[PDB]
Amino acid sequence: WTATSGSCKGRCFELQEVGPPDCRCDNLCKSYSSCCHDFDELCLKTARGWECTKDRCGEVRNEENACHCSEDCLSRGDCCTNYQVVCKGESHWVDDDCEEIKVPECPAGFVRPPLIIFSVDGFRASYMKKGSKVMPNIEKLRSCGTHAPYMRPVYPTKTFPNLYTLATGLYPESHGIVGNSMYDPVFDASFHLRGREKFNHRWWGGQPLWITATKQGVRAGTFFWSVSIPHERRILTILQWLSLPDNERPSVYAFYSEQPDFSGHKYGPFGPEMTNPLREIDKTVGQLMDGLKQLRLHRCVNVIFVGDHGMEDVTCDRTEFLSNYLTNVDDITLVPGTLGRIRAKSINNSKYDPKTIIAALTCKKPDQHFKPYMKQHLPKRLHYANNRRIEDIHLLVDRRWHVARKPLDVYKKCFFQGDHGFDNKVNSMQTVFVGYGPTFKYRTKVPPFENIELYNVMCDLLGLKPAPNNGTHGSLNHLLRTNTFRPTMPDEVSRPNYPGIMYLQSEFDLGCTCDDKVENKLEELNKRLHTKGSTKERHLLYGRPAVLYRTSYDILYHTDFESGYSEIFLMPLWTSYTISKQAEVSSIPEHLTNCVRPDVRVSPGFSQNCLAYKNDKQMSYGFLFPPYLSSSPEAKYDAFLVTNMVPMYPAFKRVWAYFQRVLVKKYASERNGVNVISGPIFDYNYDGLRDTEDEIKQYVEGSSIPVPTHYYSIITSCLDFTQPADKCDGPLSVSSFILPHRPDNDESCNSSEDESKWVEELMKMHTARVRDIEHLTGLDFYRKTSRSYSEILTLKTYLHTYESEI
Ligand SMILES: *[C@@H]1O[C@H](CO)[C@@H](O[C@@H]2O[C@H](CO)[C@@H](O[C@@H]3O[C@H](CO[C@H]4O[C@H](CO)[C@@H](O)[C@H](O[C@H]5O[C@H](CO)[C@@H](O)[C@H](O)[C@@H]5O[C@H]5O[C@H](CO)[C@@H](O)[C@H](O)[C@@H]5O)[C@@H]4O)[C@@H](O)[C@H](O[C@H]4O[C@H](CO)[C@@H](O)[C@H](O)[C@@H]4O[C@H]4O[C@H](CO)[C@@H](O)[C@H](O)[C@@H]4O)[C@@H]3O)[C@H](O)[C@H]2NC(C)=O)[C@H](O)[C@H]1NC(C)=O
Ligand SMILES: O=C(NCC1(O)CCN(C(=O)OCc2ccc(OC(F)(F)F)c(F)c2)CC1)c1ccc2[nH]nnc2c1
Ligand SMILES: [Ca+2]
Ligand SMILES: [Ca+2]
Ligand SMILES: [Cl-]
Ligand SMILES: [K+]
Ligand code: NA
Ligand SMILES: [Zn+2]
């Protein structure tokens, strides 16, 4: 209950929300049904429209008008945004030649350039090009400021997870808004789009820009607007705020548009009805920019034009029904649509089995338009698992489709022709970024980047220190003229050992054998040099990875590869090798098929053994440097050392062998040599971070050999492919993956076919940033290049997506 019998006189869009039950006048009061009786009368004037006509010029101030054309309006701060154009012979902002903004040009009393965030819902990336004819204002920002061809949203590509990711720099799994609709088992509460529960602060984790700004003494406009408040009024409210006295004037603001998402849902992303919403949003940008010009703020304010996600073509007839797969369909709750999340309808039903449910949804129909996963098996790039609000069972839906429980759900809710929410690598889901002002660069194109990175930059722009978040601070310095953040490389925490030959073959008792008994001076001197690292500049191109946690490991050098071998985990943390364009693929000789060789540099106590693999009927093993890419028959013996061995399910060796025997060569061929760093990942608690040893849930039977949840590779080469990988002068090029180490290939529906038909597709699905791998390994890569650190950070956030062009 609100005692709504107070007043909004002189309080319209107050910046400090008042406490119940005195009535409110803030831009959110409508949503709380708590505005004063006179809020509409006083704060939402509409009289005479939003534009000055030639005959309103010089007029006498009539307070009933929505905006003014009187002589005193400039200094009252409440002219219609086009006042100067109509009444003072000024030009619109969009008609003006664009001019570099080298320094902020601000009125006396402005301590910093204000930031204005102009956020647009459902603004698909290709709109910039495709709708350019009807968006002159937006096109001017884009082409005159700093722009990316697109920005990558987070998964799910839904509204709240993405807006709250912009605001916080955090993955939805960390911020808590993991969908538009959520159930939290601990609260025993439900969050929905429509309703009051979403206003409860317990849903919202992390620290959004407005709170960061506030705590650090930077005043913020209130970010959120009630639906009923028309765009024109929001714009005027922002401009009014910017005329306030210095001590009361906020430094950061947000505008939000419900369009083009609203129409996109009805009409599809490119429906002819979409031209009008795009014109309208442009008109609004024009109003903003014209109003900034009027206040002499158009060369002072940094403006960000940013979308939450794109829009895809989706119709009712493209719906998969869980009733066609499950007979038990009433015992489950489905969160539906462009993603699927499944839980038990009742906690008291012990006839519920996720295992049998996944199986009943796995590869059942030839053209199946979703794939079920246990959340921990989702591609690690989605970072979508570490929250009690994310159900164990998840369905990734093909672009253009929906998933629903029963057909009755669809027709007793075709209405819609567009939707969004799919995998964040999907082209149709990509969105927009433009930065324009003194702090952003002039006429500059930057590569696509992830929306998780912007929070850092908005802090940079405002002189704020960002709260801990998922961006890599410095990775977007290239967007900025100044205000850059100069990061320093994290310090190495563990230094390696360099073991020499310390053990005799007979001290090992590992149950391993090798037919290596078939045994010069020119070449004994030679292989000695190889074990001291004579070829190390070839195979270790960027320096060694730094270990950022306390542990015990050995650098091991070889002719063809170098490794950092962990005495704690009994396997390398990383194995680094270079494969030039000219390299030859050989087979494993017949005699050496089961060959494993004790490593005379490493104690038996800190080694794996063959016996455990023999006894473990589930687990086989593979190698990190592949025997197939050995440089010579004699170097091949090195690839079979017990210290190059890692545990692998037979089902995964199919994947791994095909990568090593076929794809490394192809990449060397296509990219003019590659440098490969490969290794194991342990993430049993699926938090995207390196497990400590006491977190491993699985060992090779009867041993302390820990089983990875995943295997990674970072594959680097020269961005200028006319230069070989091992002699690159300039910028680098990288693609990486984090393949799940699974006992079956259920994920890949074509897996009973030859590896050339499915392995690569699986790998592409599990593409990753080097930065994802760093989090999962406590390693820091690219420590020694000739490249600047900021450029290396960008490189480390790059994701190779395998989508066609935008
Ligand atoms: C992306 O970036 C983010 C941001 O940096 C990364 O997330 C951080 O990671 C840290 C490491 O995991 C983690 O640090 C821990 O802090 C714990 C206290 O955290 C509270 O306070 C902070 C600060 O204000 C707050 O942000 C937290 O908010 C969480 O929880 C609320 C509700 O309670 C949510 O609303 C909110 O969304 C957020 O939830 C998310 O994080 C939690 C983890 O806290 C997840 O569980 C959720 O699923 C959700 O995703 C908290 O209110 C602190 O308790 C930890 O300390 C333990 O471990 C240390 C080791 O240093 C040890 O010294 C202690 O003994 C202690 O262990 C004790 O508890 C154990 C478990 O109960 C128990 O087994 C032991 O016996 C001990 O008693 C730890 O230091 C930090 O909280 C999060 N921050 C955020 C915002 O998410 C994220 O890693 C990045 N992701 C990637 C892939 O890089
Ligand atoms: O609009 C929808 N629902 C209503 C809504 O809550 C109204 C209030 N609101 C707002 O005014 O937000 C400003 C803002 C702008 C930017 C930010 O972040 C920042 F600042 F970082 F950009 C930031 F946190 C906040 C957000 C949207 C909606 C849309 C499309 C859909 N499709 N399917 N379902 C859907 C539901
Ligand atoms: Ca949205
Ligand atoms: Ca972990
Ligand atoms: Cl959702
Ligand atoms: K075995
Ligand atoms: Na299969
Ligand atoms: Zn939408």
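Following Swiss-Prot, chain A residues are numbered 51-463, 468-573, 576-591, 617-887, in order.
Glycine residues also receive a Cβ, built from the backbone N, Cα and C atoms like all the rest.
Feature annotations, courtesy of Swiss-Prot:
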type	residues	note
BINDING	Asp171, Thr209, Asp358, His359	Zn(2+) 1 binding site
BINDING	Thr209, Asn230, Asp311, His474	1-tetradecanoyl-sn-glycerol 3-phosphate binding site
DISULFID	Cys58-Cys75	disulfide bond
DISULFID	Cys62-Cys93	disulfide bond
DISULFID	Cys73-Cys86	disulfide bond
DISULFID	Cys102-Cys119	disulfide bond
DISULFID	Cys107-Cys137	disulfide bond
DISULFID	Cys123-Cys129	disulfide bond
DISULFID	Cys156-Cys350	disulfide bond
DISULFID	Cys366-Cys468	disulfide bond
DISULFID	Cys413-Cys830	disulfide bond
DISULFID	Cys566-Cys691	disulfide bond
DISULFID	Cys568-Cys676	disulfide bond
DISULFID	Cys799-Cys809	disulfide bond
DOMAIN	54-97	domain 'SMB 1'
DOMAIN	98-142	domain 'SMB 2'
REGION	622-887	region 'Nuclease-like domain'
REGION	854-875	region 'Required for secretion'
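Known features from Swiss-Prot, placed on the structure.
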residue	record	DSSP class
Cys73	disulfide bond	coil
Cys93	disulfide bond	helix
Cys156	disulfide bond	coil
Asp171	Zn(2+) 1 binding site	strand
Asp311	1-tetradecanoyl-sn-glycerol 3-phosphate binding site	helix
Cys366	disulfide bond	coil
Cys568	disulfide bond	coil
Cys676	disulfide bond	coil
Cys691	disulfide bond	helix
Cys830	disulfide bond	coil
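Outside the domain 'SMB 1' (54-97), and at least 6 residues removed from its termini, the chain residues within Cβ reach (under 8 Å) are 112, 114-116, 249, 269, 271-272, 274-279, 283-284, 287, 290-291, 298, 300.
Within 10 Å of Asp171 (Zn(2+) 1 binding site), judged by CA to CA distance, lies none of the recorded positions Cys58, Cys73, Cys86, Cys413, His474. Note on proximity: among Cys62, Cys73, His359, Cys691, the recorded positions of the record, the Cα nearest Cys107 (disulfide bond) is that of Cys62. The Cβ neighbour count for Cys73 (disulfide bond), using a 10 Å radius over every protein chain in view, is 21.
In this view, the densest Cβ surroundings among the disulfide-bonded residues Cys119, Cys413, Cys566, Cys830 belong to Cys119, judged by other Cβ atoms lying within 10 Å. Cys799 (disulfide bond) sits 38 Å from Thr209 (Zn(2+) 1 binding site), counting Cα to Cα. Classification of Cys86 (disulfide bond) by DSSP places it in coil, neither helical nor stranded.
Chain tracing stops at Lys463 and picks up again at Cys468, leaving 4 residues unmodelled; the C-alpha atoms of these two are 11 Å apart. As deposited, the model skips 2 residues from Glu573 to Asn576; the distance between those two Cα positions rounds to 10 Å. DSSP assigns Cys137 (disulfide bond) to a helix.
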